[PDB]
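Participant: My structure is in protein10.pdb, and what it holds is PDB, C-alpha atoms:
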```
ATOM      1  CA  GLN W   1     204.940 191.440 190.856
ATOM      2  CA  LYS W   2     206.002 193.829 193.755
ATOM      3  CA  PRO W   3     208.935 192.251 195.775
ATOM      4  CA  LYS W   4     212.511 192.426 194.471
ATOM      5  CA  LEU W   5     215.789 191.299 196.003
ATOM      6  CA  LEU W   6     218.321 193.987 197.112
ATOM      7  CA  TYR W   7     221.214 193.473 194.796
ATOM      8  CA  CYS W   8     224.481 195.448 195.110
ATOM      9  CA  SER W   9     227.207 196.865 193.148
ATOM     10  CA  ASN W  10     229.814 195.398 195.538
ATOM     11  CA  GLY W  11     230.026 191.930 193.953
ATOM     12  CA  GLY W  12     226.632 191.476 192.554
ATOM     13  CA  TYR W  13     224.848 189.409 195.179
ATOM     14  CA  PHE W  14     221.168 189.722 196.253
ATOM     15  CA  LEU W  15     220.124 191.023 199.544
ATOM     16  CA  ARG W  16     217.746 189.092 201.402
ATOM     17  CA  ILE W  17     217.498 187.602 204.791
ATOM     18  CA  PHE W  18     217.529 183.844 205.473
ATOM     19  CA  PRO W  19     216.285 182.643 208.935
ATOM     20  CA  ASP W  20     217.107 185.232 211.597
ATOM     21  CA  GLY W  21     216.561 187.993 209.156
ATOM     22  CA  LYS W  22     220.361 188.039 208.829
ATOM     23  CA  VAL W  23     220.759 189.864 205.690
ATOM     24  CA  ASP W  24     223.050 188.498 203.039
ATOM     25  CA  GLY W  25     224.081 188.502 199.451
ATOM     26  CA  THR W  26     222.752 185.615 197.425
ATOM     27  CA  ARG W  27     223.241 185.835 193.656
ATOM     28  CA  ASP W  28     220.647 182.994 193.619
ATOM     29  CA  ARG W  29     217.603 185.050 192.761
ATOM     30  CA  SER W  30     215.821 181.726 192.430
ATOM     31  CA  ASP W  31     216.101 181.132 196.155
ATOM     32  CA  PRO W  32     212.457 180.698 197.299
ATOM     33  CA  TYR W  33     213.088 183.130 200.090
ATOM     34  CA  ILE W  34     215.559 185.792 199.163
ATOM     35  CA  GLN W  35     213.247 188.544 198.129
ATOM     36  CA  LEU W  36     213.178 192.042 199.440
ATOM     37  CA  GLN W  37     211.262 195.234 198.536
ATOM     38  CA  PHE W  38     212.339 198.925 198.364
ATOM     39  CA  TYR W  39     209.456 201.172 199.172
ATOM     40  CA  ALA W  40     209.617 204.407 201.137
ATOM     41  CA  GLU W  41     207.249 205.878 203.722
ATOM     42  CA  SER W  42     207.658 209.676 203.641
ATOM     43  CA  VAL W  43     210.795 211.968 203.552
ATOM     44  CA  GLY W  44     214.028 210.497 202.149
ATOM     45  CA  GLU W  45     213.945 207.415 204.322
ATOM     46  CA  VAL W  46     212.469 204.122 203.165
ATOM     47  CA  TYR W  47     211.085 200.838 204.229
ATOM     48  CA  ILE W  48     212.405 197.644 202.590
ATOM     49  CA  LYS W  49     210.844 194.046 202.841
ATOM     50  CA  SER W  50     212.393 190.783 203.770
ATOM     51  CA  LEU W  51     211.270 187.881 201.674
ATOM     52  CA  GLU W  52     207.881 187.671 200.020
ATOM     53  CA  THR W  53     206.661 186.949 203.590
ATOM     54  CA  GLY W  54     206.141 190.618 203.974
ATOM     55  CA  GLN W  55     208.914 191.303 206.343
ATOM     56  CA  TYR W  56     211.022 194.484 206.244
ATOM     57  CA  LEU W  57     214.729 195.499 206.770
ATOM     58  CA  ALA W  58     216.209 197.413 209.866
ATOM     59  CA  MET W  59     219.565 198.043 211.420
ATOM     60  CA  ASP W  60     220.005 195.870 214.438
ATOM     61  CA  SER W  61     220.097 198.137 217.496
ATOM     62  CA  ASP W  62     223.884 198.466 217.350
ATOM     63  CA  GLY W  63     224.824 198.621 213.710
ATOM     64  CA  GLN W  64     224.174 195.281 212.056
ATOM     65  CA  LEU W  65     221.449 194.790 209.485
ATOM     66  CA  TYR W  66     218.523 192.418 210.360
ATOM     67  CA  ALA W  67     215.203 191.850 208.527
ATOM     68  CA  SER W  68     212.773 194.421 209.812
ATOM     69  CA  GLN W  69     209.641 192.975 211.292
ATOM     70  CA  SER W  70     208.147 195.941 213.130
ATOM     71  CA  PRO W  71     207.586 199.506 211.833
ATOM     72  CA  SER W  72     208.946 202.215 214.092
ATOM     73  CA  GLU W  73     211.704 204.515 212.881
ATOM     74  CA  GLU W  74     214.415 201.930 213.591
ATOM     75  CA  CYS W  75     212.826 200.100 210.729
ATOM     76  CA  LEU W  76     213.015 202.881 208.243
ATOM     77  CA  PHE W  77     215.974 203.387 205.734
ATOM     78  CA  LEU W  78     217.280 205.953 203.139
ATOM     79  CA  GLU W  79     216.428 206.731 199.563
ATOM     80  CA  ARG W  80     219.142 207.724 197.156
ATOM     81  CA  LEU W  81     219.045 206.559 193.605
ATOM     82  CA  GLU W  82     221.744 208.077 191.391
ATOM     83  CA  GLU W  83     220.231 208.638 187.921
ATOM     84  CA  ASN W  84     217.848 205.710 187.439
ATOM     85  CA  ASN W  85     218.788 202.141 188.261
ATOM     86  CA  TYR W  86     219.865 201.301 191.909
ATOM     87  CA  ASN W  87     219.443 202.938 195.283
ATOM     88  CA  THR W  88     221.413 203.146 198.429
ATOM     89  CA  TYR W  89     219.057 201.786 201.310
ATOM     90  CA  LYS W  90     219.422 201.043 204.995
ATOM     91  CA  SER W  91     219.158 203.889 207.472
ATOM     92  CA  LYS W  92     216.361 204.647 209.891
ATOM     93  CA  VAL W  93     215.688 208.376 210.454
ATOM     94  CA  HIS W  94     218.913 210.200 210.621
ATOM     95  CA  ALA W  95     221.190 210.249 207.683
ATOM     96  CA  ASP W  96     224.496 210.048 209.512
ATOM     97  CA  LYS W  97     225.579 207.249 207.193
ATOM     98  CA  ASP W  98     227.527 205.062 209.672
ATOM     99  CA  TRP W  99     224.988 202.385 209.126
ATOM    100  CA  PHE W 100     223.990 202.363 205.523
ATOM    101  CA  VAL W 101     223.096 199.136 203.714
ATOM    102  CA  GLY W 102     225.397 197.166 201.747
ATOM    103  CA  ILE W 103     225.783 193.832 200.411
ATOM    104  CA  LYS W 104     228.528 191.866 199.015
ATOM    105  CA  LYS W 105     230.958 189.218 199.842
ATOM    106  CA  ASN W 106     229.052 186.092 199.160
ATOM    107  CA  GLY W 107     226.273 186.201 201.735
ATOM    108  CA  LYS W 108     226.192 188.608 204.773
ATOM    109  CA  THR W 109     225.959 192.044 203.337
ATOM    110  CA  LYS W 110     227.960 194.892 204.767
ATOM    111  CA  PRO W 111     227.204 195.076 208.511
ATOM    112  CA  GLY W 112     227.709 198.873 208.749
ATOM    113  CA  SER W 113     231.232 198.280 207.466
ATOM    114  CA  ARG W 114     232.212 201.568 205.908
ATOM    115  CA  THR W 115     229.336 203.201 204.362
ATOM    116  CA  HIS W 116     229.250 206.625 202.710
ATOM    117  CA  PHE W 117     226.286 207.801 200.464
ATOM    118  CA  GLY W 118     227.356 206.733 196.864
ATOM    119  CA  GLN W 119     229.406 203.686 198.004
ATOM    120  CA  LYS W 120     228.607 200.419 196.409
ATOM    121  CA  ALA W 121     227.568 198.983 199.746
ATOM    122  CA  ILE W 122     224.662 201.309 199.844
ATOM    123  CA  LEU W 123     223.786 201.277 196.231
ATOM    124  CA  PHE W 124     221.526 198.324 195.509
ATOM    125  CA  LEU W 125     220.005 196.946 192.365
ATOM    126  CA  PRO W 126     216.185 196.428 192.639
ATOM    127  CA  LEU W 127     214.762 193.699 190.454
ATOM    128  CA  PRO W 128     211.286 192.553 189.546
ATOM    129  CA  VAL W 129     212.109 188.862 190.549
ATOM    130  CA  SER W 130     208.619 188.301 191.849
ATOM    131  CA  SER W 131     207.795 185.328 189.655
ATOM    132  CA  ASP W 132     207.514 185.647 185.871
TER     133      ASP W 132
END
```
As structure tokens - that is how I would like this structure written.
Facilitator:
Amino acid sequence: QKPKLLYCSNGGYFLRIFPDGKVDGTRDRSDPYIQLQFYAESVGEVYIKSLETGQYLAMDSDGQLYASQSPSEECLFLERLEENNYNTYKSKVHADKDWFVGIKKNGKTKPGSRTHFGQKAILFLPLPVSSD
């Protein structure tokens, strides 16, 4: 009643992370391990979750997207919801944008591909999956 996968407008697949925290789009919300969580800390940056296992989400120290495990700024993100429905995500501290979250494809997200505040990559559909 608190997790929620990280869906996206680029295809409509759910962000999660399977083993190595390798994030990916899975339209299989049912998957017993594809949750996420969009919460923020303070500012305009956020902290997501990987799985119900109380992981996180962070950009790999290069530009990829991996499940965050540790706090630290690296493992922060952004917060931009349009009107009221779905929010960008991925970041850290700075805005820049060169590494904003996205998902699509069929499973693998958007590893920093070509983000830009407002892009579908970024924008992600939070959902009360949880359970019932």
Participant: Could you check which of W:79, W:13, W:2, W:27 is closest to residue W:103, using all atoms listed in the file?
Facilitator: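 Among the listed residues, W:13 lies closest to residue W:103.
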Participant: Can you report as AutoDock Vina command-line options the centre and edge lengths in Å, to one decimal, of an axis-aligned box around the listed atoms of stretch 111-115 of chain W padded with 8 Å on each side?
Facilitator:
```
--center_x 229.7 --center_y 199.1 --center_z 206.6 --size_x 21.0 --size_y 24.1 --size_z 20.4
```
Participant: Please determine, counting only C-alpha atoms, which residue among W:88, W:1, W:106, W:53 has the shortest atom-to-atom distance to residue W:32.
Facilitator: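 Of all the options, W:53 lies closest to residue W:32.
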Participant: Given the choices W:18, W:38, W:89, W:99, which gets closest to residue W:128 if the distance is worked out from all atoms listed in the file?
Facilitator: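 Smallest distance to residue W:128 is found for W:38.
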Participant: My list of candidates is W:40, W:47, W:23, W:81. Which is closest to residue W:112 when distances are computed with all atoms listed in the file?
Facilitator: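 Under the stated criterion, the closest residue is W:23.
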Participant: Ranking W:118, W:126, W:59, W:14 by minimum distance to residue W:28 and counting all atoms listed in the file, which one comes first?
Facilitator: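 Among the listed residues, the smallest separation from residue W:28 belongs to W:14.
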Participant: Name every residue that the PyMOL selection byres ((chain W and resi 108) around 9) selects in this structure, writing the answer as a compact mmCIF listing (two decimals) with C-alpha atoms, in the frame of the given file with chains first and numbers rising.
Facilitator:
```
# COMPACT_ATOMS: atom_id res chain seq x y z
CA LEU W 15 220.12 191.02 199.54
CA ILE W 17 217.50 187.60 204.79
CA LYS W 22 220.36 188.04 208.83
CA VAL W 23 220.76 189.86 205.69
CA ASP W 24 223.05 188.50 203.04
CA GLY W 25 224.08 188.50 199.45
CA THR W 26 222.75 185.62 197.42
CA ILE W 103 225.78 193.83 200.41
CA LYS W 104 228.53 191.87 199.02
CA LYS W 105 230.96 189.22 199.84
CA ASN W 106 229.05 186.09 199.16
CA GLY W 107 226.27 186.20 201.74
CA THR W 109 225.96 192.04 203.34
CA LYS W 110 227.96 194.89 204.77
CA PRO W 111 227.20 195.08 208.51
```
Participant: What is the distance, in Å and to one decimal place, between atom CA of residue W:30 and atom CA of residue W:124?
Facilitator: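 Here the two named atoms are 17.8 Å from each other.
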